[PDB]
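Engineer: Following this line is final39.cif, made up of mmCIF, C-alpha atoms:
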data_start
#
loop_
_atom_site.label_atom_id
_atom_site.label_comp_id
_atom_site.auth_asym_id
_atom_site.auth_seq_id
_atom_site.Cartn_x
_atom_site.Cartn_y
_atom_site.Cartn_z
CA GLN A 1 23.63 -37.18 -78.81
CA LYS A 2 19.84 -36.96 -79.14
CA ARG A 3 17.55 -39.91 -79.77
CA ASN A 4 13.86 -40.22 -80.66
CA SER A 5 12.35 -43.28 -78.97
CA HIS A 6 10.03 -44.37 -81.76
CA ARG A 7 8.05 -45.99 -78.91
CA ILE A 8 5.87 -48.65 -80.51
CA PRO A 9 3.41 -50.56 -78.30
CA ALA A 10 3.41 -54.13 -79.58
CA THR A 11 2.82 -57.65 -78.36
CA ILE A 12 5.33 -60.22 -79.60
CA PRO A 13 6.72 -63.40 -78.05
CA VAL A 14 10.32 -63.13 -76.87
CA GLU A 15 12.82 -65.31 -75.05
CA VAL A 16 15.41 -63.85 -72.69
CA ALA A 17 18.59 -65.40 -71.34
CA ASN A 18 21.29 -63.85 -69.12
CA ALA A 19 24.83 -63.92 -70.52
CA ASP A 20 26.04 -67.03 -68.71
CA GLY A 21 22.87 -68.97 -69.55
CA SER A 22 21.98 -69.51 -65.88
CA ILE A 23 18.62 -67.83 -66.47
CA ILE A 24 16.18 -68.25 -69.37
CA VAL A 25 12.59 -67.02 -69.51
CA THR A 26 9.82 -66.40 -72.01
CA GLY A 27 7.36 -63.48 -72.27
CA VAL A 28 5.63 -61.02 -74.59
CA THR A 29 6.61 -57.46 -75.39
CA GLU A 30 4.62 -54.43 -74.27
CA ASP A 31 6.50 -51.73 -76.13
CA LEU A 32 9.70 -51.41 -78.13
CA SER A 33 11.76 -48.32 -78.81
CA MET A 34 15.14 -47.35 -80.23
CA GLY A 35 16.22 -47.27 -76.56
CA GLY A 36 14.99 -50.67 -75.41
CA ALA A 37 12.05 -52.89 -74.54
CA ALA A 38 9.32 -53.38 -71.97
CA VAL A 39 8.35 -57.03 -71.60
CA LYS A 40 5.60 -58.92 -69.78
CA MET A 41 7.71 -61.51 -68.00
CA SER A 42 8.87 -62.86 -64.63
CA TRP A 43 12.59 -62.65 -63.79
CA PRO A 44 13.60 -65.28 -61.17
CA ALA A 45 16.20 -63.27 -59.26
CA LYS A 46 16.77 -59.92 -57.64
CA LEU A 47 18.55 -57.46 -59.88
CA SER A 48 21.74 -55.98 -58.52
CA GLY A 49 21.37 -53.63 -61.47
CA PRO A 50 21.94 -53.45 -65.27
CA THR A 51 22.48 -57.14 -66.18
CA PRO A 52 23.55 -58.29 -69.68
CA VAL A 53 21.13 -60.57 -71.55
CA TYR A 54 20.20 -61.71 -75.04
CA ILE A 55 16.68 -61.18 -76.32
CA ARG A 56 15.37 -63.42 -79.10
CA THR A 57 12.19 -63.08 -81.12
CA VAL A 58 10.80 -63.41 -84.62
CA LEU A 59 9.34 -60.77 -86.90
CA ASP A 60 8.27 -61.12 -90.52
CA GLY A 61 9.75 -64.61 -90.56
CA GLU A 62 13.18 -63.30 -89.52
CA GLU A 63 14.97 -64.32 -86.33
CA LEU A 64 16.19 -61.26 -84.38
CA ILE A 65 18.75 -61.66 -81.61
CA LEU A 66 19.62 -58.53 -79.66
CA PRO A 67 22.08 -58.04 -76.79
CA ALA A 68 20.66 -55.95 -73.99
CA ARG A 69 20.77 -55.12 -70.32
CA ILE A 70 17.86 -55.83 -67.99
CA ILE A 71 17.59 -52.76 -65.76
CA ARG A 72 14.42 -53.41 -63.75
CA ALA A 73 12.19 -56.38 -62.93
CA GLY A 74 8.84 -56.06 -61.16
CA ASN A 75 6.95 -59.31 -61.82
CA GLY A 76 4.78 -59.08 -64.91
CA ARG A 77 7.36 -56.61 -66.18
CA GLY A 78 10.99 -56.55 -67.32
CA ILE A 79 12.59 -53.33 -68.60
CA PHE A 80 15.57 -53.44 -70.95
CA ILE A 81 17.96 -51.16 -72.80
CA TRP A 82 19.58 -52.34 -76.04
CA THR A 83 23.34 -52.90 -76.16
CA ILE A 84 24.71 -51.77 -79.53
CA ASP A 85 28.39 -52.51 -80.26
CA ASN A 86 28.29 -52.60 -84.06
CA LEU A 87 26.28 -51.81 -87.19
CA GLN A 88 24.53 -55.17 -87.33
CA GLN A 89 23.36 -54.68 -83.73
CA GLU A 90 22.21 -51.15 -84.54
CA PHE A 91 20.21 -52.40 -87.51
CA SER A 92 18.68 -55.38 -85.74
CA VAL A 93 17.15 -52.86 -83.35
CA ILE A 94 16.01 -50.71 -86.30
CA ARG A 95 14.53 -53.74 -88.09
CA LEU A 96 12.56 -54.68 -84.96
CA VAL A 97 11.24 -51.21 -84.10
CA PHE A 98 10.51 -50.03 -87.66
CA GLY A 99 9.44 -53.54 -88.75
CA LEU A 100 6.73 -53.21 -86.13
CA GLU A 101 5.81 -49.67 -87.29
CA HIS A 102 5.29 -51.13 -90.76
#
What is this file in structure tokens?
Structural biologist:
Amino acid sequence: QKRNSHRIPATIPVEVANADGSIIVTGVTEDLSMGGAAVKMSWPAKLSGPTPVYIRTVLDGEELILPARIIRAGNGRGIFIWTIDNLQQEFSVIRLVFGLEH
């Protein structure tokens, strides 16, 4: 369909793990959108390509855990797209992006 990004530049601590737990790093966000995230961070491997991860952070006292795919890593920067497989995942993304607009 068609999607507005609701790109919101914001700086918030996040933790990122790949799906098998072999990699775990910390960082801060640069921007968030309905599409994904840009994060200041250093990924310790070369990306084949879109690699499934979990992103964890806190906002307004709430823990938010969002599945995602890292799609690029360029030291100082990790780029992600959200993975949304249900309503709770859809709304965690909404809570994050609009929670930051608020």
Engineer: Given the file above and the PyMOL selection byres ((chain A and resi 25-34) around 6), which residues are selected, and can you give them as a list in words?
Structural biologist: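 On the file shown, the PyMOL selection byres ((chain A and resi 25-34) around 6) covers residues 5, 6, 7, 8, 9, 10, 11, 12, 13, 14, 15, 16, 24, 35, 36, 37, 38, 39, 40 and 41 of chain A.
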Engineer: Give as an MDAnalysis selection string the residues that the PyMOL selection byres ((chain A and resi 54-61) around 9) matches when applied to the coordinates above.
Structural biologist: chainID A and resid 12:19 52:53 62:69 95:96 99:100
Engineer: Quick check, in Å to one decimal: how far apart do CA of residue 2 (chain A) and CA of residue 93 (chain A) lie?
Structural biologist: 16.7 Å
Engineer: Write out as a list in words which residues come within 9 Å of residue 71 (chain A) when counting all atoms listed in the file, dropping same-chain ones fewer than 4 positions away.
Structural biologist: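 The residues satisfying every condition are residues 47, 48, 49, 50, 51, 78, 79, 80 and 81 of chain A.
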Engineer: Got time to write the residues from that selection, C-alpha atoms, as a PDB file, in the coordinates of the input?
Structural biologist:
ATOM      1  CA  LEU A  47      18.550 -57.460 -59.880  1.00  0.00           C
ATOM      2  CA  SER A  48      21.740 -55.980 -58.520  1.00  0.00           C
ATOM      3  CA  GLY A  49      21.370 -53.630 -61.470  1.00  0.00           C
ATOM      4  CA  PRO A  50      21.940 -53.450 -65.270  1.00  0.00           C
ATOM      5  CA  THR A  51      22.480 -57.140 -66.180  1.00  0.00           C
ATOM      6  CA  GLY A  78      10.990 -56.550 -67.320  1.00  0.00           C
ATOM      7  CA  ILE A  79      12.590 -53.330 -68.600  1.00  0.00           C
ATOM      8  CA  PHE A  80      15.570 -53.440 -70.950  1.00  0.00           C
ATOM      9  CA  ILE A  81      17.960 -51.160 -72.800  1.00  0.00           C
TER      10      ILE A  81
END
Engineer: Restricting the calculation to only C-alpha atoms: of A:97, A:89, A:83, A:42, which residue gets closest to residue 4 (chain A)?
Structural biologist: A:97
Engineer: Separation of CA of residue 73 (chain A) and CA of residue 43 (chain A), in Å?
Structural biologist: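 Going from CA of residue 73 (chain A) over to CA of residue 43 (chain A) covers 6.3 Å.
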Engineer: Can you measure CA of residue 23 (chain A) to CA of residue 45 (chain A) for me? One decimal in Å is fine.
Structural biologist: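 Here the two named atoms are 8.9 Å from each other.
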Engineer: Of the candidates A:22, A:91, A:1, A:46, which one gets nearest to residue 75 (chain A) if we count all atoms listed in the file?
Structural biologist: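 Of A:22, A:91, A:1, A:46, the one nearest residue 75 (chain A), counting all atoms listed in the file, is A:46.
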Engineer: Reconstruct N, CA and C atoms of region 56-89 of chain A from the incomplete input and present them as a PDB file, in the frame of the given file.
Structural biologist:
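Produced file result33.pdb, reproduced below:
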ATOM      1  N   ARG A  56      15.631 -62.790 -77.813  1.00  0.00           N
ATOM      2  CA  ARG A  56      15.370 -63.420 -79.100  1.00  0.00           C
ATOM      3  C   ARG A  56      13.888 -63.344 -79.421  1.00  0.00           C
ATOM      4  N   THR A  57      13.580 -63.099 -80.683  1.00  0.00           N
ATOM      5  CA  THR A  57      12.190 -63.080 -81.120  1.00  0.00           C
ATOM      6  C   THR A  57      12.174 -63.264 -82.613  1.00  0.00           C
ATOM      7  N   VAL A  58      10.972 -63.287 -83.173  1.00  0.00           N
ATOM      8  CA  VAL A  58      10.800 -63.410 -84.620  1.00  0.00           C
ATOM      9  C   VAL A  58       9.858 -62.319 -85.134  1.00  0.00           C
ATOM     10  N   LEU A  59      10.167 -61.793 -86.306  1.00  0.00           N
ATOM     11  CA  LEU A  59       9.340 -60.770 -86.900  1.00  0.00           C
ATOM     12  C   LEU A  59       9.445 -60.938 -88.391  1.00  0.00           C
ATOM     13  N   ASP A  60       8.300 -60.945 -89.075  1.00  0.00           N
ATOM     14  CA  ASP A  60       8.270 -61.120 -90.520  1.00  0.00           C
ATOM     15  C   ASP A  60       9.107 -62.315 -90.959  1.00  0.00           C
ATOM     16  N   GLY A  61       9.027 -63.402 -90.203  1.00  0.00           N
ATOM     17  CA  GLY A  61       9.750 -64.610 -90.560  1.00  0.00           C
ATOM     18  C   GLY A  61      11.246 -64.596 -90.247  1.00  0.00           C
ATOM     19  N   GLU A  62      11.765 -63.439 -89.830  1.00  0.00           N
ATOM     20  CA  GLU A  62      13.180 -63.300 -89.520  1.00  0.00           C
ATOM     21  C   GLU A  62      13.463 -63.477 -88.025  1.00  0.00           C
ATOM     22  N   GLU A  63      14.517 -64.219 -87.709  1.00  0.00           N
ATOM     23  CA  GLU A  63      14.970 -64.320 -86.330  1.00  0.00           C
ATOM     24  C   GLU A  63      15.773 -63.051 -85.972  1.00  0.00           C
ATOM     25  N   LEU A  64      15.443 -62.428 -84.841  1.00  0.00           N
ATOM     26  CA  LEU A  64      16.190 -61.260 -84.380  1.00  0.00           C
ATOM     27  C   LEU A  64      16.782 -61.566 -83.019  1.00  0.00           C
ATOM     28  N   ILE A  65      18.096 -61.417 -82.894  1.00  0.00           N
ATOM     29  CA  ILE A  65      18.750 -61.660 -81.610  1.00  0.00           C
ATOM     30  C   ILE A  65      19.482 -60.397 -81.188  1.00  0.00           C
ATOM     31  N   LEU A  66      19.095 -59.830 -80.050  1.00  0.00           N
ATOM     32  CA  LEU A  66      19.620 -58.530 -79.660  1.00  0.00           C
ATOM     33  C   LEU A  66      20.214 -58.554 -78.264  1.00  0.00           C
ATOM     34  N   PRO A  67      21.501 -58.188 -78.133  1.00  0.00           N
ATOM     35  CA  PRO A  67      22.080 -58.040 -76.790  1.00  0.00           C
ATOM     36  C   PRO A  67      21.392 -56.898 -76.070  1.00  0.00           C
ATOM     37  N   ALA A  68      21.331 -56.980 -74.750  1.00  0.00           N
ATOM     38  CA  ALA A  68      20.660 -55.950 -73.990  1.00  0.00           C
ATOM     39  C   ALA A  68      21.103 -56.017 -72.546  1.00  0.00           C
ATOM     40  N   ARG A  69      20.553 -55.116 -71.751  1.00  0.00           N
ATOM     41  CA  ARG A  69      20.770 -55.120 -70.320  1.00  0.00           C
ATOM     42  C   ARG A  69      19.408 -55.035 -69.651  1.00  0.00           C
ATOM     43  N   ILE A  70      19.076 -55.991 -68.780  1.00  0.00           N
ATOM     44  CA  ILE A  70      17.860 -55.830 -67.990  1.00  0.00           C
ATOM     45  C   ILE A  70      18.173 -54.809 -66.890  1.00  0.00           C
ATOM     46  N   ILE A  71      17.299 -53.822 -66.718  1.00  0.00           N
ATOM     47  CA  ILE A  71      17.590 -52.760 -65.760  1.00  0.00           C
ATOM     48  C   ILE A  71      16.598 -52.735 -64.598  1.00  0.00           C
ATOM     49  N   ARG A  72      15.398 -53.260 -64.824  1.00  0.00           N
ATOM     50  CA  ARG A  72      14.420 -53.410 -63.750  1.00  0.00           C
ATOM     51  C   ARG A  72      13.551 -54.639 -63.983  1.00  0.00           C
ATOM     52  N   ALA A  73      13.102 -55.245 -62.885  1.00  0.00           N
ATOM     53  CA  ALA A  73      12.190 -56.380 -62.930  1.00  0.00           C
ATOM     54  C   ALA A  73      11.161 -56.274 -61.804  1.00  0.00           C
ATOM     55  N   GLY A  74       9.878 -56.246 -62.154  1.00  0.00           N
ATOM     56  CA  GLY A  74       8.840 -56.060 -61.160  1.00  0.00           C
ATOM     57  C   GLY A  74       7.670 -57.021 -61.250  1.00  0.00           C
ATOM     58  N   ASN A  75       7.968 -58.281 -61.567  1.00  0.00           N
ATOM     59  CA  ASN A  75       6.950 -59.310 -61.820  1.00  0.00           C
ATOM     60  C   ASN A  75       5.852 -58.808 -62.756  1.00  0.00           C
ATOM     61  N   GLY A  76       5.663 -59.530 -63.856  1.00  0.00           N
ATOM     62  CA  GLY A  76       4.780 -59.080 -64.910  1.00  0.00           C
ATOM     63  C   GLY A  76       5.515 -58.129 -65.837  1.00  0.00           C
ATOM     64  N   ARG A  77       6.662 -57.615 -65.392  1.00  0.00           N
ATOM     65  CA  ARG A  77       7.360 -56.610 -66.180  1.00  0.00           C
ATOM     66  C   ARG A  77       8.887 -56.646 -66.078  1.00  0.00           C
ATOM     67  N   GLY A  78       9.544 -56.717 -67.234  1.00  0.00           N
ATOM     68  CA  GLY A  78      10.990 -56.550 -67.320  1.00  0.00           C
ATOM     69  C   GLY A  78      11.294 -55.372 -68.232  1.00  0.00           C
ATOM     70  N   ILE A  79      12.199 -54.494 -67.796  1.00  0.00           N
ATOM     71  CA  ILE A  79      12.590 -53.330 -68.600  1.00  0.00           C
ATOM     72  C   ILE A  79      14.024 -53.477 -69.080  1.00  0.00           C
ATOM     73  N   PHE A  80      14.241 -53.245 -70.374  1.00  0.00           N
ATOM     74  CA  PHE A  80      15.570 -53.440 -70.950  1.00  0.00           C
ATOM     75  C   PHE A  80      16.039 -52.216 -71.727  1.00  0.00           C
ATOM     76  N   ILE A  81      17.356 -52.076 -71.839  1.00  0.00           N
ATOM     77  CA  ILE A  81      17.960 -51.160 -72.800  1.00  0.00           C
ATOM     78  C   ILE A  81      18.825 -51.968 -73.762  1.00  0.00           C
ATOM     79  N   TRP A  82      18.744 -51.664 -75.051  1.00  0.00           N
ATOM     80  CA  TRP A  82      19.580 -52.340 -76.040  1.00  0.00           C
ATOM     81  C   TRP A  82      21.046 -52.048 -75.798  1.00  0.00           C
ATOM     82  N   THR A  83      21.888 -53.028 -76.121  1.00  0.00           N
ATOM     83  CA  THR A  83      23.340 -52.900 -76.160  1.00  0.00           C
ATOM     84  C   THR A  83      23.753 -52.931 -77.632  1.00  0.00           C
ATOM     85  N   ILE A  84      24.383 -51.870 -78.115  1.00  0.00           N
ATOM     86  CA  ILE A  84      24.710 -51.770 -79.530  1.00  0.00           C
ATOM     87  C   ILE A  84      26.218 -51.555 -79.713  1.00  0.00           C
ATOM     88  N   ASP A  85      26.929 -52.591 -80.143  1.00  0.00           N
ATOM     89  CA  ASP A  85      28.390 -52.510 -80.260  1.00  0.00           C
ATOM     90  C   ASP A  85      28.879 -52.557 -81.701  1.00  0.00           C
ATOM     91  N   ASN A  86      27.946 -52.613 -82.644  1.00  0.00           N
ATOM     92  CA  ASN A  86      28.290 -52.600 -84.060  1.00  0.00           C
ATOM     93  C   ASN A  86      27.073 -52.301 -84.940  1.00  0.00           C
ATOM     94  N   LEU A  87      27.322 -52.131 -86.233  1.00  0.00           N
ATOM     95  CA  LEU A  87      26.280 -51.810 -87.190  1.00  0.00           C
ATOM     96  C   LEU A  87      25.186 -52.869 -87.303  1.00  0.00           C
ATOM     97  N   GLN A  88      25.554 -54.142 -87.236  1.00  0.00           N
ATOM     98  CA  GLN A  88      24.530 -55.170 -87.330  1.00  0.00           C
ATOM     99  C   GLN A  88      23.605 -55.134 -86.121  1.00  0.00           C
ATOM    100  N   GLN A  89      24.155 -54.787 -84.956  1.00  0.00           N
ATOM    101  CA  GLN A  89      23.360 -54.680 -83.730  1.00  0.00           C
ATOM    102  C   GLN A  89      22.458 -53.446 -83.813  1.00  0.00           C
TER     103      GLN A  89
END
